[PDB]
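In what follows, a structure is listed as structure tokens, so that the remarks can point back to it.
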Amino acid sequence: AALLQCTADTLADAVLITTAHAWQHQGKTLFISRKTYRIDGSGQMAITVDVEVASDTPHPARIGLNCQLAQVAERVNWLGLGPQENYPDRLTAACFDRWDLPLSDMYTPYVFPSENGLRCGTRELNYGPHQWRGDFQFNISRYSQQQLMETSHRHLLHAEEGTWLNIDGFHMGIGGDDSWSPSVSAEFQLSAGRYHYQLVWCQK
Amino acid sequence: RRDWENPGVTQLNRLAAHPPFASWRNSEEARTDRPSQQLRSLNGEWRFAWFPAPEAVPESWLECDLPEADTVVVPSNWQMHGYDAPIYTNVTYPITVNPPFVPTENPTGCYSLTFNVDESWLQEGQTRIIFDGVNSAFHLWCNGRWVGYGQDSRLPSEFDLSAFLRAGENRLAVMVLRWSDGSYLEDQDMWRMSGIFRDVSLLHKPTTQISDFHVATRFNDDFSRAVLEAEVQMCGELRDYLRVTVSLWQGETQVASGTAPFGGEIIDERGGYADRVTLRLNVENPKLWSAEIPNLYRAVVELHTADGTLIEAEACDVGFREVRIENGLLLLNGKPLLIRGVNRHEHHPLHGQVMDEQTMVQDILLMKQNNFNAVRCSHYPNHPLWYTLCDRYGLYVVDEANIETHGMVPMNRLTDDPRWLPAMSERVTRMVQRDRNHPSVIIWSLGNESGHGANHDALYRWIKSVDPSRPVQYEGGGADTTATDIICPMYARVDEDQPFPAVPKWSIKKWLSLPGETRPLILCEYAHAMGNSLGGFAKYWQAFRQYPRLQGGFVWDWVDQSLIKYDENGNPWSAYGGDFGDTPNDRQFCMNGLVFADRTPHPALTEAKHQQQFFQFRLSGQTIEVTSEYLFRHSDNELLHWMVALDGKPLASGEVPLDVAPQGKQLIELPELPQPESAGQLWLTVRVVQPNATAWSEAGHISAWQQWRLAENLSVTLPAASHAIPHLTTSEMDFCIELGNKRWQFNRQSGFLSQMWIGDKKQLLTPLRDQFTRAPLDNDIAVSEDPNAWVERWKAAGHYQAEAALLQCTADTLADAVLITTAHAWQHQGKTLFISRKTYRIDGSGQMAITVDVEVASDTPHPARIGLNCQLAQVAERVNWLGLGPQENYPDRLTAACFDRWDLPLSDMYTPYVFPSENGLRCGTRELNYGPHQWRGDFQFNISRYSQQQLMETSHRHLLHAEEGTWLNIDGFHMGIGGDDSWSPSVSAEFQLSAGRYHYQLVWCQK
Ligand SMILES: [Mg+2]
Ligand SMILES: [Mg+2]
Ligand SMILES: [Mg+2]
Ligand SMILES: [Mg+2]
Ligand code: NA
Ligand code: NA
Ligand code: NA
Ligand code: NA
Ligand code: NA
């Protein structure tokens, strides 16, 4: 990520931070992310994200944010599709309601590790002291995407410090018509070029 | 006798039906299709008088001209002359349903003509009169003596006048009835008119004559050899010295010739036809006929004596081609056709139902120029010349019997009734006898919308028996009955089933594979082009190309059936149903074409041309792959032009010759495409151009095109920050922003940007506000004569009455700009429909960025659009934009459009549909310029002098008046237009605005 712009403005009842980043490769700009963080007198932080994706780069796996929380909590409570893991092209069975499970249930122990445990169509997510609200997809677990990608067998995974949270405005389908050629239907590829999403982070 | 109220009497004294004759007395003339001195036209000025019923006609008229009559041209429709009104009714019969009776008040047209006949015609031979088209029934007298009677308004009626004429002057008197029992079989959805509306002619034949001739062409397995078989029948005295010579020519070269005395092979225990003979001619390596290459030969049939004296000659154009269905596919010369068809009624805005050569040629050339290859004669045999033009220009034709009984209840009431078998039988048999030698006719149709009755089955078998050379189709009763060789539904959808009881309309893909089904499927009508329509056209084409047995269809339909009327000041205007005092009527349902009545194209015509292209393209790297869809010709009049542009900025271009065999492929490698000067999206556009003129096109014609996005270099450079900062002024009433010469005013009570000024000039007539509705299209309205209609739903939900409520309006000053935030709710009867949240950020550069986030209640019908609108104070000459174009395009009808920089006069941004509605949208626009304004983003827009309100309140385009200023509609999202049909919801799910939450962003700045 290359920083294009970062500013701070004071408002009547909030602080507004504006940012712009370019992701490049060998000189090619793959994606641009433009954001605004609005923190109000209420302690809520509204994040608005507008991303542009190069039409000539392969459609991305996801469009979201991630971070590693210091907290490690027992339960994960959310208002969205569940209770089990679900993805864009695999969520018909999931139902929209208020779910509450232990953190480890938010992990799917595929013998060969990979992205897993996403929950889509989520309007509110609760973990420890935090709450995120919007219209997103998310997974949460003690394993980073990096560890998942680097480990060949589930038994070798080790819990990292803290909790990794992946919150996506958009996520590609998983496919499966076959597992040896591209199999994700067009309608589930992130090819729109421009994407918008917004999240509200607060404590309480 | 009231012959006009008795289906058992369809004619009296009428001569047998037969192919086109001219009785040439010179063989060379016959070869070249020169006019014949023995076929005289009686077209021109006739005497006419109108009466309210046949009983009102004075006996005197039979022998003498009525002095009250007027002199009018024939052929004509009397309605077109103002004698009575034309009526526009779709399904309901125009007369009470009480077969076989008709009203007692029955408009009667009394035509007469005084004409000369030379002794020569009467000293020898036979003189007959031919009325190519009389609507709907008539009696004929000659020199005051009654001759005969006729029905079926769409086929010729011939009578022998030999015994009635005298040398010198003679007088014909024709009494034409508007309604008759034949009208029960003529319920087509079209204007109901009447009169002698096709040619009238006199033909002299010798006593010993050619009375019929049939031509067939049969082939070996690879079409390298053919046998032309010509069966000839004579009338008059059999004599051993008579002979028949049949000669075949290709241009000026004689290919073959054969002669024989009459006397056919033994047929049964009683012998053979002594009055017939069959000549058989071998033809090696025949040049085959197709719509791609309409190769034609000429067959000349001479009746003569052995000593060599010609008695008479007849002839026809011959197209060597085989039509057969095999293994589920319709084949032409052994290859599977892909029908790019259209239905076409005989309609002229000035002349009614009278056809003329110029209009016919104009229609065929526009058809060909737009990638059509076939036409359905909806729904009756056409004027004879149509077939000759189709044979010579090259179009596949569906010839259809003049039988439609749509208003009956149930639909097959008459067609299942044996008492109606005779009348129906003449409609089918006489069409076959007249048109069977035309190569352009590839399929016969039993009629249209008359249910499925036993009469149909009988007639289907009759045709199969007499003419095995062409498939027979019929859609009534469910589209797949025992009376059809082809599954030929009307308005069946691509993927969606419409499971109506008894006569469901399955998805076309599914229909082919129902249990036991094996026939090919070609829609007899599809893609209802009424008004702003043709949405989803591409979906049909994609399926036709993927599924072998989906062989295409006939779009409904070619031309709007609007008629010209004159205003109080004599200016012409386009009229429809009800505009003549006609009632009941079906209003605009008579206008469903791809072209306006004057032949100007509607915007949908380009979508059809593009989807109907004959070359398919794929890009891989720098490689363009061209595939030909032609079955018979090589691309011998085609070059490919390619162009690469950066945001409308031309980078490079080239030309490459195309040499693709039919069904073949060609790979073309594009040159090194060396780096673009700046950021943006590179676009590749390719066009197939015909460098040489043809019989149907001009040199330079473009026949196919396609685009792709190439590399994109996103802009990562920042804006050289403002030399200044805007200033905000707050007042209880408004939030005002000033920057140099500009000023923006936001009304605090309304929460909308209410005015803008450049220098001292106000820029707005009406404030910039959200808009969630559109002036309903014909498809939104959905009427063919439904509370599921989109319009109904919207109205019922209060979408057009909703009032905005202000939830919030605030101002904030940033380091370099002023930011206004608003939020509004649109409600109806307590219901919150939509919520619009926005931010307007005006910066040091003078640019106003508007961000809009809309929420749509999941339980209100999805809205027609999500955007903003305003009425600009200015009226500018041009509209310039970077987006799809140049013509009008909508979400589900934008494939033909191309992304480029377009610049048109304002007026072209308005599509004058007869029935006004939302129109002129242009999608995928990234930049729009008008006057001093520029708007940037990723939106759809329309711009015109007519507001949406006006368009939805106006019934006819001529009554529109330009408003002050310019109405701008800019949308983040717009619903598709639909059109699978125009009488039910037809907008596919993927084009409905059902996402709940929508976001869009606009930048408004000066130029
Ligand atoms: Mg009758
Ligand atoms: Mg002459
Ligand atoms: Mg006389
Ligand atoms: Mg009908
Ligand atoms: Na792994
Ligand atoms: Na096909
Ligand atoms: Na119609
Ligand atoms: Na060529
Ligand atoms: Na209207």
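Letters A, B, ... go to the chains of the structure tokens in the order shown; residues in each chain start at 1; ligands are counted from 1 in the same order.
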Check: which chain B residues lie within 8 Å of chain A using only C-alpha atoms, as a list in words: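 That gives residues 709, 710, 711, 712, 713, 714, 716, 717, 718, 812, 813, 814, 815 and 999 of chain B for chain B.
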Residue subset to file, keeping N, CA and C atoms, as a compact mmCIF listing (two decimals), in the first residue's frame:
```
# COMPACT_ATOMS: atom_id res chain seq x y z
N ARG B 709 -12.60 -3.83 -23.22
CA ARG B 709 -11.71 -2.96 -22.48
C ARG B 709 -10.32 -3.59 -22.59
N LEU B 710 -9.27 -2.78 -22.78
CA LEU B 710 -7.92 -3.27 -22.80
C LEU B 710 -7.28 -2.92 -21.41
N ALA B 711 -6.02 -2.51 -21.41
CA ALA B 711 -5.40 -2.19 -20.15
C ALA B 711 -5.98 -0.91 -19.55
N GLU B 712 -5.97 -0.83 -18.23
CA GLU B 712 -6.48 0.36 -17.55
C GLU B 712 -5.31 0.83 -16.67
N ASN B 713 -5.06 2.12 -16.54
CA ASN B 713 -3.99 2.62 -15.68
C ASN B 713 -4.70 3.54 -14.75
N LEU B 714 -4.99 3.12 -13.53
CA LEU B 714 -5.76 3.97 -12.64
C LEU B 714 -5.00 5.25 -12.26
N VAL B 716 -3.43 7.85 -9.98
CA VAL B 716 -2.94 7.88 -8.60
C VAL B 716 -2.27 9.20 -8.40
N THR B 717 -2.58 10.16 -9.23
CA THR B 717 -1.91 11.41 -8.93
C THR B 717 -2.87 12.39 -8.34
N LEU B 718 -2.36 13.18 -7.41
CA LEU B 718 -3.24 14.15 -6.82
C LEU B 718 -3.36 15.47 -7.54
N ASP B 812 -20.63 22.32 7.41
CA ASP B 812 -19.35 22.17 8.10
C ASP B 812 -18.24 22.74 7.25
N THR B 813 -17.24 23.37 7.89
CA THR B 813 -16.12 23.89 7.12
C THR B 813 -14.90 23.05 7.29
N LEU B 814 -14.35 22.62 6.17
CA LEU B 814 -13.16 21.80 6.18
C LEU B 814 -12.00 22.72 5.86
N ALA B 815 -10.78 22.18 5.90
CA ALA B 815 -9.58 22.95 5.61
C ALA B 815 -9.59 23.50 4.21
N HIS B 999 -25.51 3.23 -3.80
CA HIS B 999 -24.60 4.32 -3.63
C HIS B 999 -24.13 4.83 -4.96
```
Tell me, counting only C-alpha atoms and all ligand atoms, for each residue of chain B within 8 Å of ligand 8, which pair of atoms is nearest and how far apart they are in Å to one decimal, in rows ordered by chain and increasing number, as a tab-separated table.
```
residue	atom	partner	partner_atom_place_in_ligand_line	distance
B:634	CA	ligand 8	1 (Na)	7.6
B:635	CA	ligand 8	1 (Na)	4.7
B:636	CA	ligand 8	1 (Na)	4.0
B:637	CA	ligand 8	1 (Na)	4.8
B:638	CA	ligand 8	1 (Na)	4.2
B:639	CA	ligand 8	1 (Na)	5.5
B:657	CA	ligand 8	1 (Na)	5.3
B:658	CA	ligand 8	1 (Na)	4.2
B:659	CA	ligand 8	1 (Na)	4.7
B:660	CA	ligand 8	1 (Na)	7.4
```
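Where the distance criterion is 10 Å and the atoms used are only C-alpha atoms and all ligand atoms, the residues close to ligand 1 are residues 1, 2, 3, 4, 5, 6, 7, 8, 9, 10, 11, 12, 100, 101, 137, 138, 149, 150, 151, 152, 180, 181, 182, 183 and 423 of chain B.
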Test item, strand (DSSP E) assignment across range 1-184 of chain A, answer as a ChimeraX atom specification: /A:2-10,14-25,28-40,45-53,62-69,75-82,95-102,119-127,130-141,163-171
Surrounding residues as a VMD selection string, ligand 2, max 10 Å, only C-alpha atoms and all ligand atoms: chain B and resid 24 to 26 29 35 to 38
Residues just named, written with N, CA and C atoms as a short mmCIF file (atom, residue, chain, number, x, y, z; two decimals), in the first residue's frame:
```cif
data_model
loop_
_atom_site.label_atom_id
_atom_site.label_comp_id
_atom_site.auth_asym_id
_atom_site.auth_seq_id
_atom_site.Cartn_x
_atom_site.Cartn_y
_atom_site.Cartn_z
N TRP B 24 -47.13 -14.26 -71.97
CA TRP B 24 -46.26 -13.60 -72.96
C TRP B 24 -46.47 -14.30 -74.31
N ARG B 25 -46.32 -13.51 -75.41
CA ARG B 25 -46.44 -14.10 -76.76
C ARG B 25 -45.10 -13.98 -77.48
N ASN B 26 -44.06 -13.74 -76.64
CA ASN B 26 -42.65 -13.61 -77.05
C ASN B 26 -41.82 -14.27 -75.97
N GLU B 29 -39.22 -12.09 -73.97
CA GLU B 29 -39.79 -11.22 -72.97
C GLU B 29 -39.99 -12.01 -71.71
N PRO B 35 -42.38 -6.41 -69.21
CA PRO B 35 -43.84 -6.28 -69.19
C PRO B 35 -44.46 -7.01 -70.43
N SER B 36 -45.65 -7.55 -70.20
CA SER B 36 -46.43 -8.29 -71.21
C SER B 36 -47.59 -7.49 -71.74
N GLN B 37 -47.70 -7.39 -73.05
CA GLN B 37 -48.80 -6.67 -73.62
C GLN B 37 -50.11 -7.36 -73.30
N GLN B 38 -50.05 -8.64 -72.96
CA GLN B 38 -51.31 -9.36 -72.60
C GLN B 38 -51.80 -9.23 -71.10
#
```
All residues having an atom within 8 Å of ligand 4 (only C-alpha atoms and all ligand atoms) as a list in words: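 Every residue with an atom at most 8 Å from ligand 4 is listed here: residues 90, 91, 187, 188, 189, 404, 405, 406, 407, 448 and 449 of chain B.
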Non-local contacts of residue 955 in chain B (8 Å; only C-alpha atoms; under 4 positions in same chain excluded) as a compact mmCIF listing (two decimals) with N, CA, C and O atoms, in the first residue's frame:
```txt
# COMPACT_ATOMS: atom_id res chain seq x y z
N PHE B 915 -46.17 7.48 -28.54
CA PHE B 915 -46.78 7.49 -27.24
C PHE B 915 -45.61 7.90 -26.37
O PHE B 915 -44.62 7.15 -26.34
N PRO B 916 -45.63 9.11 -25.77
CA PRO B 916 -44.44 9.58 -25.05
C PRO B 916 -44.18 8.91 -23.71
O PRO B 916 -45.07 8.53 -22.99
N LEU B 959 -48.27 16.59 -29.14
CA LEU B 959 -48.80 17.55 -28.19
C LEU B 959 -47.77 17.99 -27.16
O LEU B 959 -48.07 18.75 -26.22
```
CA of residue 695 in chain B to CA of residue 365 in chain B, distance in Å rounded to a single decimal: 8.6 Å
Gap from CA of residue 941 in chain B to CA of residue 742 in chain B - Å, one decimal: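 Between CA of residue 941 in chain B and CA of residue 742 in chain B the gap works out to 24.5 Å.
The contact shell of ligand 3, defined as all polymer residues within 9 Å when only C-alpha atoms and all ligand atoms are used, comprises residues 166, 167, 168, 169 and 170 of chain B.
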Selection to disk with N, CA and C atoms, as a compact mmCIF listing (two decimals), in the first residue's frame:
```txt
# COMPACT_ATOMS: atom_id res chain seq x y z
N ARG B 166 -67.33 -6.11 -74.81
CA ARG B 166 -67.52 -5.76 -76.20
C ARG B 166 -66.42 -4.85 -76.63
N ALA B 167 -66.16 -4.81 -77.89
CA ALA B 167 -65.10 -3.89 -78.31
C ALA B 167 -65.43 -2.44 -77.95
N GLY B 168 -64.39 -1.72 -77.63
CA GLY B 168 -64.61 -0.35 -77.26
C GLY B 168 -64.86 -0.20 -75.77
N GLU B 169 -65.72 0.73 -75.46
CA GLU B 169 -65.97 0.92 -74.07
C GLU B 169 -66.80 -0.10 -73.37
N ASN B 170 -66.36 -0.40 -72.12
CA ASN B 170 -67.09 -1.28 -71.22
C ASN B 170 -67.11 -0.66 -69.82
```
Distance filter 10 Å around ligand 6, atoms: only C-alpha atoms and all ligand atoms, out as a ChimeraX atom specification: /B:329,336-339,520-522,541-552
Output for the residues just chosen: N, CA and C atoms as a short mmCIF file (atom, residue, chain, number, x, y, z; two decimals), in the first residue's frame:
```cif
data_model
loop_
_atom_site.label_atom_id
_atom_site.label_comp_id
_atom_site.auth_asym_id
_atom_site.auth_seq_id
_atom_site.Cartn_x
_atom_site.Cartn_y
_atom_site.Cartn_z
N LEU B 329 -33.42 -30.46 -36.55
CA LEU B 329 -32.96 -29.19 -37.05
C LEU B 329 -33.53 -28.84 -38.43
N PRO B 336 -27.84 -25.97 -40.99
CA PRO B 336 -28.88 -25.49 -40.05
C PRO B 336 -29.02 -23.96 -40.05
N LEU B 337 -30.25 -23.52 -40.30
CA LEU B 337 -30.44 -22.06 -40.34
C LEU B 337 -30.47 -21.45 -38.97
N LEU B 338 -30.21 -20.16 -38.97
CA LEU B 338 -30.31 -19.35 -37.76
C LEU B 338 -31.17 -18.19 -38.18
N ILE B 339 -32.47 -18.24 -37.84
CA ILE B 339 -33.40 -17.26 -38.33
C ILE B 339 -33.32 -15.92 -37.62
N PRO B 520 -37.42 -28.67 -33.89
CA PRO B 520 -36.68 -27.44 -33.75
C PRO B 520 -37.70 -26.42 -33.20
N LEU B 521 -37.15 -25.33 -32.59
CA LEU B 521 -37.97 -24.28 -32.03
C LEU B 521 -37.49 -22.93 -32.60
N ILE B 522 -38.42 -22.21 -33.25
CA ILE B 522 -38.18 -20.87 -33.87
C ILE B 522 -39.41 -20.06 -33.45
N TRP B 541 -30.51 -14.06 -28.19
CA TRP B 541 -29.42 -14.33 -29.11
C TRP B 541 -28.39 -15.24 -28.48
N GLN B 542 -28.06 -15.02 -27.22
CA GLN B 542 -27.10 -15.88 -26.58
C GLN B 542 -27.65 -17.32 -26.54
N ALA B 543 -28.93 -17.45 -26.24
CA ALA B 543 -29.46 -18.80 -26.22
C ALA B 543 -29.54 -19.43 -27.63
N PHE B 544 -29.95 -18.62 -28.65
CA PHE B 544 -30.03 -19.17 -30.00
C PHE B 544 -28.66 -19.71 -30.42
N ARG B 545 -27.63 -18.97 -30.06
CA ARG B 545 -26.29 -19.42 -30.46
C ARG B 545 -25.80 -20.60 -29.66
N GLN B 546 -26.22 -20.76 -28.40
CA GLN B 546 -25.70 -21.88 -27.63
C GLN B 546 -26.44 -23.19 -27.92
N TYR B 547 -27.74 -23.09 -28.24
CA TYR B 547 -28.56 -24.30 -28.41
C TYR B 547 -28.85 -24.62 -29.87
N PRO B 548 -28.35 -25.74 -30.38
CA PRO B 548 -28.55 -26.02 -31.77
C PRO B 548 -30.00 -25.92 -32.18
N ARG B 549 -30.91 -26.55 -31.43
CA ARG B 549 -32.32 -26.60 -31.79
C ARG B 549 -33.05 -25.29 -31.54
N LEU B 550 -32.38 -24.29 -30.96
CA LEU B 550 -33.05 -22.98 -30.87
C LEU B 550 -32.60 -22.27 -32.11
N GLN B 551 -33.44 -22.22 -33.16
CA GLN B 551 -33.00 -21.68 -34.44
C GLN B 551 -33.43 -20.25 -34.74
N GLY B 552 -33.73 -19.52 -33.69
CA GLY B 552 -34.07 -18.12 -33.91
C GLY B 552 -35.52 -17.76 -33.70
#
```
Close residues, range 94-98 of chain A itself excluded, 6 Å, only C-alpha atoms, min 3 positions apart in chain, as a list in words: residues 78, 79, 80, 81, 82 and 91 of chain A
Contacts to ligand 7 at 10 Å cut-off (only C-alpha atoms and all ligand atoms) as a count of residues only: 26
All residues having an atom within 8 Å of ligand 5 (only C-alpha atoms and all ligand atoms) as a list in words: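 So, counting only C-alpha atoms and all ligand atoms, the residues near ligand 5 are residues 112, 113, 114, 147, 148, 149, 150, 151, 152 and 153 of chain A.
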